[PDB]
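> part one of the complex, left exactly where it sits:
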Amino acid sequence: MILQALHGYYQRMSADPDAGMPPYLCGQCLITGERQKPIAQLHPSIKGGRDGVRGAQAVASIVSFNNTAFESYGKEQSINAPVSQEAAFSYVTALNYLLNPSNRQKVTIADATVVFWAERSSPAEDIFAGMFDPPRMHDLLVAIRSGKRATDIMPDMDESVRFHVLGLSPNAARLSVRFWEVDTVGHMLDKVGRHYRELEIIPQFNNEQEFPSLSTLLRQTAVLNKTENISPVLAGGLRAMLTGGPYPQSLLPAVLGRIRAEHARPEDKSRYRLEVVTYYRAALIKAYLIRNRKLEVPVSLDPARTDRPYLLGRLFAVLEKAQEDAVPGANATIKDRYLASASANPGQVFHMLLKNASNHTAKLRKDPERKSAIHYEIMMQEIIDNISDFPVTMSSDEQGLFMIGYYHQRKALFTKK
Amino acid sequence: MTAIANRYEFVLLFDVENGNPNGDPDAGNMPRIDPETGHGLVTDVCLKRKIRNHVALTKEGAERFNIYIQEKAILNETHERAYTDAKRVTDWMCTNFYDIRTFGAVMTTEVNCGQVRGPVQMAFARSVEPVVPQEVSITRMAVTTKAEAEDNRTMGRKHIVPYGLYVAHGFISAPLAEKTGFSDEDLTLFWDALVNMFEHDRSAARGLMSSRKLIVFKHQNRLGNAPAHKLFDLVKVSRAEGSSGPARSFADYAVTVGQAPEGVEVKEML
Amino acid sequence: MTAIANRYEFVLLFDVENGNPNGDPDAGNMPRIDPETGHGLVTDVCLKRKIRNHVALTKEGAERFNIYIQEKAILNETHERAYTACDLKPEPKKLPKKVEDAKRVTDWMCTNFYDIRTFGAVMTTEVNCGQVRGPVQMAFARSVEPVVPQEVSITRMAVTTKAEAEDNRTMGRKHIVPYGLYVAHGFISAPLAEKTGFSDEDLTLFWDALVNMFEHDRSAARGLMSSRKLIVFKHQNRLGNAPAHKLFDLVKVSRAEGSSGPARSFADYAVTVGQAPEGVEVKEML
Amino acid sequence: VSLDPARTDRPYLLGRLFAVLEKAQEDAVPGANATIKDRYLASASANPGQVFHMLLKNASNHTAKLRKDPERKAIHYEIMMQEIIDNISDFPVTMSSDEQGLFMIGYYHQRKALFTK
């Protein structure tokens, strides 16, 4: 549909006296299907930049045939896409109207700018801006995550109204449709609820929101936690949000690689040494494991799990806690160096980690804290009791479970003692 | 000159070791990963580019083997041509440009609309099992601008696939060959290119790539004798018996070919 | 200077004892490893840097043997030299429209920068000088057996700034591989040498650099590194007579039968070189 | 119980032996500033062949001390050591990384068993 839906949106908004604008060879128009209409040689341009598609040229466009390779059947310019001039103007005007940030129906996700609307006037149009990028909204989101109908928070919403989402990406003055969804407001609110239910994890710090933003989640996979370096394909695939389908298979390796390449950065002047397995990365891993792998993952530490990857993650967390207690103010921790290899090749490195932890607890048993020294040994003894061997290798899913276990055990030890 | 007389299908197994077989221009040049399965992906056009380069290097402007679609590997030493109204020019292009004769081309001509199809066809090549690319951080001594000079070092990154075995399928249509003169010597050159495709494509980013195995299904009849997808099934690629954990060499895989139908001959160029 | 006429492959074996052959910027400064298997890694750029350093040391900036990527060079300034030498004026981000002038600037870059002539270069900066692939290529070196990088903690009896830390001494730590044997593959392309002018003199200097690469790379972090075996496969004609992987398989590295426990010396390994195909000869004596 | 007394993997058995010696020492000298694990874990795993004999002399002294008073278990630990060593034909000169991981697993398994009521 897409272009026809923008045409319908122009028809809808153009009827109203406000919040819109009324301005106005032969062939068959592919937008309306009308026969014998004046086809357009060149469509009106679409705004780029701040009031348009971020990253695109000021006069970007959707339909363009500026090179011969793009022309078929001897047709010239936009004759390759026969659309009546009025329909072309209407759809371009609708897209420009939505692209205007003054209208509250626009959001930017990494590379692409997303514009959404409904087939009829509905409060969902101004509501969904918060769903894709959370800042009464919190009550709606918590209700949706639990699966309740949105009408329970506001009966005014007719959930049967169909909702459109369009994702555009920039190029050298020509745009690409990265994704496109159409569904009833009720259905796609259910899928967003499913998504947030999957992402649910105990927060690491009280300043972290309970409904992480999509941009914040994606930024945590980028190379240096910046909007650029976000993989456009990964952002586009993570469509999985509001379609309910499996997350892209590259998501888990991306998060694992980001954990592998990260380390504590006091240079940010954050007095707490920044975590490598942050709240958002753990949330992403949990969501991937629940959806794609159909595993059971708790929101908080589960000491009755007894899964070997989960147990190994917990053991790593307790070893790191012992290191932190034994060496206060240490610049680096095993978190920065051995986290990747321990998860990917436990049988090769855990002996060294355990010997280092023995050294750490030996220091504690002499210094004050003479028995958190015994407590950490008890934790290690209890966790290892459920393990028969250190596996030589673990799959990506097992590494994700390792990360989740490490995150859960680490949080349980912040203020246990 | 006479075109080939049999339909062909071939399966090419190639691997990459600590390199980027094909970067993704939509993922910051990371190696392509299939979203649906997690398997590495290599587009057909990459392999076609490699074949074009190999043939250009090997024949270097011989009579019948000029390559039209060049990529700045050209050499202006010497050219010769056969010296043969749209049909005339089309046949002339086919008769002395190997890539046009093999893969086809599209000219800016009206009567036929430009369509020259060509017999050879290749599909996307995908890894046998999921790949986990590793990111490598590297530094450089020198800065490029005076502005950033004003402590003087820059840090970049490099994406590599630790190891991956890729399967590429292809089809050769004899009836199309009859319309462009793709002959048996061209077919032998094509097999040579496939088996030696990666030998001249060395670079800093690609690591070590090589062709491990090439199965060719030769059909008795001009058009086929069995469905192609059932022939591709005969090539079973599974992991060796004594190997566990992620694969790091071709020796970790076992590849076997089943018995083809009565109307098809199986040839193993590698 | 005539370019080389034959295709070459080669295999280099080098050691490290209580040293860090190549640190990892991400894992603190630990030696690079393959986290799935524990095998050590050394980037190609690391070895290329050592070859560059050896060339700079042995030629001392002699003519036709300058290094483009130097410690404190500013690349755009070097690009200006090519334009000045060829008498063109650089367009703001583009090569000269006259393709002959672009070729002239690129050749001037190649003709007197040894590392551009050998490993290629990307020079499409503001002062654009073009691109070069370079006949010589190297792959990541990979240890024959997994390496166990142990972490060493050290102290300094002095403080840098005004601080009341010393109560315990100032802390620091090294990372070392107790021992590891690394295998590096490489290729030399005659067709590309014909484009860059990589000559037989350059090839002999390159073999010399590989043989003596580590003898002048000593430092407090490197430990003891040495080149152990360099096997060179020379093809009979401009294009190869055999696949590269087939040749690399002739060099087999295994542990000597009398050795046990972790490897701690080159004597713990036995290296065997097989018979080359009919079109290739092995210059293993290097 | 998670300990496997029928496994008989030499690193596992050596880990169990280390755990029982540690228990014997901690029983014979309560309140000691450091367990034998802290003192000899590095040398024990690095060079098992040359240090386990020393550990066994020390454990013999500890068991002899235990045997003198009704707090005597000493028979229990002596039987455990005699049983575990029964399955060892020779001490390793060195242990691989995974072998040392199995050593630690066995030590932690045996230690918990001796903590049982």
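Thanks, I have it. Numbering: from 1, shown residues only, chains lettered A, B, ... in the order given.
> what residue is smack in the middle of chain B?
For chain B, the residue sitting closest to the mean C-alpha position, by Cα atoms, centre = their mean, is residue B:47 at 2.3 Å.
> residues in contact with that one?
B:122, B:125, B:168, B:197 (Cβ atoms under 8 Å, 6 or more residues apart in numbering or on different chains). C-betas here are computed from N, CA, C, even on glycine.
> Filter those residues down to the ones in strands?
B:122, B:125, B:168 (DSSP state E).
> ok, so of those, who is nearest chain D?
residue B:125 (36.1 Å; Cβ to the nearest Cβ).
> Neighbours of that closest one, how many?
24 (other Cβ atoms under 10 Å in any protein chain shown).
> nearest spatial neighbour of it, skipping sequence neighbours?
residue B:168 (3.7 Å; Cβ to Cβ, 6 or more residues apart in numbering or on different chains).
> cool, and residue A:80?
residue A:65 (5.2 Å).
> Get me the contact residues on chain D for chain A.
Neighbours of chain A within chain D, by Cβ under 8 Å from any Cβ of the partner chain: D:2, D:4, D:33-35, D:37-38, D:41-42, D:45, D:97-98, D:100-105, D:108-109, D:111-112, D:115.
> can you list the residues of chain A near chain C?
A:260-263, A:332, A:336-337, A:340-341, A:344-345, A:348-349, A:352, A:393.
> Go again with 7 Å.
A:260-261, A:263, A:332, A:336-337, A:340-341, A:344-345, A:348, A:393 (Cβ under 7 Å from any Cβ of the partner chain).
> Can you say which of the residues you listed are buried?
A:260-261, A:263, A:332, A:336-337, A:340-341, A:344-345, A:348, A:393 (16 or more other Cβ atoms under 10 Å in any protein chain shown).
> Need these in JSON lines (columns: secondary structure).
Shown next, in JSON lines, are these (DSSP: H, G, I helix; E, B strand; the rest coil):
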{"residue": "A:260", "secondary structure": "helix"}
{"residue": "A:261", "secondary structure": "helix"}
{"residue": "A:263", "secondary structure": "coil"}
{"residue": "A:332", "secondary structure": "coil"}
{"residue": "A:336", "secondary structure": "helix"}
{"residue": "A:337", "secondary structure": "helix"}
{"residue": "A:340", "secondary structure": "helix"}
{"residue": "A:341", "secondary structure": "helix"}
{"residue": "A:344", "secondary structure": "helix"}
{"residue": "A:345", "secondary structure": "coil"}
{"residue": "A:348", "secondary structure": "helix"}
{"residue": "A:393", "secondary structure": "coil"}
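> Provide a list of residues in contact with residue A:391.
A:308, A:346-347 (Cβ atoms under 7 Å, 6 or more residues apart in numbering or on different chains).
> Going along the chain, name the helices of chain D.
D:10-28, D:36-46, D:48-67, D:75-86, D:97-115 (DSSP state H).
> What lies in contact with the fourth one?
Residues outside helix D:75-86 that contact it (Cβ under 7 Å, 6+ apart) are D:13, D:16-17, D:20, D:23-24, D:59, D:63.
> for those residues, which one is nearest residue A:107?
residue D:16 (60.5 Å; Cβ to Cβ).
> thinking again about what came up before, so which of the contacts of helix D:75-86 comes closest to chain C?
When the contacts of helix D:75-86 are compared against chain C (criterion: Cβ to the nearest Cβ), the nearest one is residue D:13, at 19.4 Å.
> How about the secondary structure of the residue nearest to the centre of chain B?
Here residue B:47 is recorded as helix under three-state DSSP.
> throw chain E on there as well:
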Amino acid sequence: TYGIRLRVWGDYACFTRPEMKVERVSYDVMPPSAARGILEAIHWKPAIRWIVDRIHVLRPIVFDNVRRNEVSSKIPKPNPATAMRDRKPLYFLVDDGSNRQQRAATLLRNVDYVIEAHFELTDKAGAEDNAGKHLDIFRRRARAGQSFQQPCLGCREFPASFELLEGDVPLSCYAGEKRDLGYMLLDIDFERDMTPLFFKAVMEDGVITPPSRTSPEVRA
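Just below you will find chain E, in place on the chains above:
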């Protein structure tokens, strides 16, 4: 009785929408033009004309994104005689500045269709030409897995595995659903200077019933 049932499936497919041709966006389902192309790839002769009756969609509609380095322009038509009056090369440099064009593609994944079609004799048919003979020839080729060329799902890089269907069509994932896909392409009216013609596609129960592209009321 009459007509054909041909099942086609593949991992990838791209039936590019004409209005998003540069940055390719695929149709949700194969248009009848693609079905014609696939059928003709198995058997076609000038004496006979293919007509597509229905398309059955058997798998969920799943999209994906692939980006590739492509070329800007078609190669020019040469002058043979002028070409060797001098010893010179002829080429198109892909990576020479604007010659390189990067194009993204929003393309389908894991597709599966059943094509229902039948023949129709053209004015070029001889007296010996009859629809039944070509029908049986096509059936033989499809059963044996033979074809003039390997069919592709839109673009040649996406091969189409095919198989003649000799019974009832399998169940569709959209069996109980009515879905409107909007106006899409029927075919190109090659007789009328290649004028494209469009129809509004409804997908009740996963089966699309386009009008006959030879009908006078769909043609200009």
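> circling back: look up how far chain E lies from the residue nearest to the centre of chain B.
Distance, residue B:47 to chain E, using Cβ to the nearest Cβ, to the nearest Å: 11 Å.
> where's that residue relative to residue A:154, distance?
Separation of residue B:47 from residue A:154 (Cβ to Cβ, to the nearest Å) stands at 56 Å.
> same question, residue E:109
Taking Cβ to Cβ, one finds residue E:109 at 37 Å from residue A:154.
> who's more crowded, the two?
Neighbours were counted for residue E:109 and for residue A:154 using other Cβ under 10 Å; residue E:109 has more, 19 against 14.
> what's the helix or strand where residue A:181 lies packed up against?
Assigned by DSSP states H and E, residue A:181 belongs to strand A:176-184. On a contact count with 3 or more Cβ pairs under 7 Å, 6 or more residues apart in numbering or on different chains; DSSP states H and E, strand A:176-184 meets strand A:162-169.
> could you redo the last one with a cut-off of 8 Å?
Contact partners of strand A:176-184 among helices and strands, from 3 or more Cβ pairs under 8 Å, 6 or more residues apart in numbering or on different chains; DSSP states H and E: strand A:162-169, helix A:232-237, helix A:240-243, strand E:100-121.
> what is the orientation angle of the first one with strand E:100-121?
Orientation of strand A:162-169 against strand E:100-121 (axes from the mean of the first three to the mean of the last three Cα atoms, to 10 degrees) gives an angle of 130 degrees.
> what distance separates strand A:162-169 from the centre of its chain?
Relative to its parent chain, strand A:162-169 has a centroid offset of 16 Å by Cα atoms, centre = their mean, to the nearest Å.
> coming back round to it: go through the helices and strands packed on strand A:176-184 and pick out the most buried.
helix A:232-237 (a mean of 25; mean count of other Cβ atoms under 10 Å in any protein chain shown).
> Return the set of buried residues in stretch A:321-336.
A:321-326, A:332-336.
> meant to ask about stretch B:148-158, not that
Neighbour-count burial for stretch B:148-158 [16+ other Cβ under 10 Å]: B:157-158.
> OK, contacts around residue B:76?
Residue B:76 touches E:88-89, counting by Cβ under 8 Å, 6+ apart.
> rerun at 10 Å
B:61, E:87-89 (Cβ atoms under 10 Å, 6 or more residues apart in numbering or on different chains).
> interface residues of chain E facing chain C?
Within chain E, the positions lying close to chain C (Cβ under 10 Å from any Cβ of the partner chain) are E:95, E:97.
> so where do the helices sit in chain E?
With DSSP H as the criterion, chain E has helices spanning E:32-42, E:80-84, E:131-144.
> How many residues are close by the residue nearest to residue B:57 when sequence neighbours are not counted?
Leaving aside its chain neighbours, residue B:57 sits nearest to residue B:200 (5.4 Å; criterion: Cβ to Cβ, 6+ apart). Close neighbours of residue B:200, defined as other Cβ under 10 Å, add up to 21.
> Please tell me how far residue B:200 sits from residue C:7.
9 Å.
> now swap in residue B:94 and tell me
32 Å.
> ok so, going back, in the strand holding residue A:181, which residues are buried?
A:176-184.
> Could I get the contacting residues of residue B:151?
residue B:143.
> change it to 8 Å
Here residue B:151 is in contact with no residues (criterion: Cβ under 8 Å, 6+ apart).
> burial count for the residue of chain D found nearest chain E?
Going by Cβ to the nearest Cβ, chain E is nearest to residue D:98 of chain D, at 39.7 Å. Applying other Cβ under 10 Å, we find 20 residues neighbouring residue D:98.
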